[PDB]
């Protein structure tokens, strides 16, 4: 066991899908995995392992923010033999042409967190996904007939930002979605020697204030999950 996960080596698959919400992890396990068993509930951070089309797969929540997801991803990598992390989540859009429920794939993640500066002697670390994983997700999406944009996410420390003008800067630089984890997960993957990808569904628009409900985010982002799961199968081949 690790300080935040009460499980043993072998309980997790070598690939783990991770939404922020543990209730969404539960939904994914019930809806997409066969013979799913619960493998963690420490701090209510539910994790499950089962199979998808014969392939062993785990799904576990990571909580909100870089510090939360950094703990869970680290522990999975160092103590549970996890090789790939696929974050499956929600984000807010800043671009006019990005719509609710659009799927975005974060090949890179910008951030206002200090965690990567702490790692990288206060220089600019480009927090990037694993290329093969990105390509796998793009291909899986195309096969499912689901549109997906590939580009930069922005991982925010403050959901309620006191700097509204920064959204104009994100928009200027083509940021596809604002979320709170990607740059941290990519930093952990680099630090601890694993591979990661973040896929998000646009759950709200930062400009229009249109948004999905809590229940919607928990149990209604299915296209993203299919993309993630099918992308793993492509990577296996």
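Numbering follows the first chain given and starts at 1.
Trainee: Taking only the CA atoms, which stretch has the higher mean B-factor in the record, 82-90 or 114-122?
Mentor: That would be 82-90.
Trainee: Highest mean C-alpha temperature factor of the two stretches 12-20 and 222-230, which is it?
Mentor: In the deposited entry, the stretch with the higher C-alpha B-factor mean is 222-230.
Trainee: According to the Cα B-factor stored in this entry, which of the following is highest: 192, 186, 32, 173?
Mentor: Spelled out: the listed residue with the top C-alpha B-factor is 32.
Trainee: For the CA B factor values reported in this entry, which option in 107, 71, 144, 77 has the top one?
Mentor: Going by the entry's C-alpha B-factors, 144 comes out highest.
Trainee: Relative to the other modelled residues of the same chain, rank the CA B-factor of residue 102 and answer lowest, middle or highest third.
Mentor: Residue 102: CA B-factor falls in the highest third of its chain.
Trainee: Place residue 140 in the lowest, middle or highest third of its chain's C-alpha B-factors, as listed in the PDB entry.
Mentor: Ranked within chain, residue 140 CA B lands in the highest tercile.
Trainee: What third of its chain's C-alpha B-factors does residue 65 belong to: lowest, middle or highest?
Mentor: Residue 65: CA B-factor falls in the lowest third of its chain.
Trainee: Considering only modelled residues of the same chain, in which third does the CA B-factor of residue 198 rank: lowest, middle or highest?
Mentor: According to the entry, residue 198 has a C-alpha B-factor in the chain's lowest third.
Trainee: By the recorded C-alpha temperature factor, relative to the other modelled residues in its chain, which third is residue 182 in?
Mentor: Answer is lowest: the recorded C-alpha B-factor places it there.
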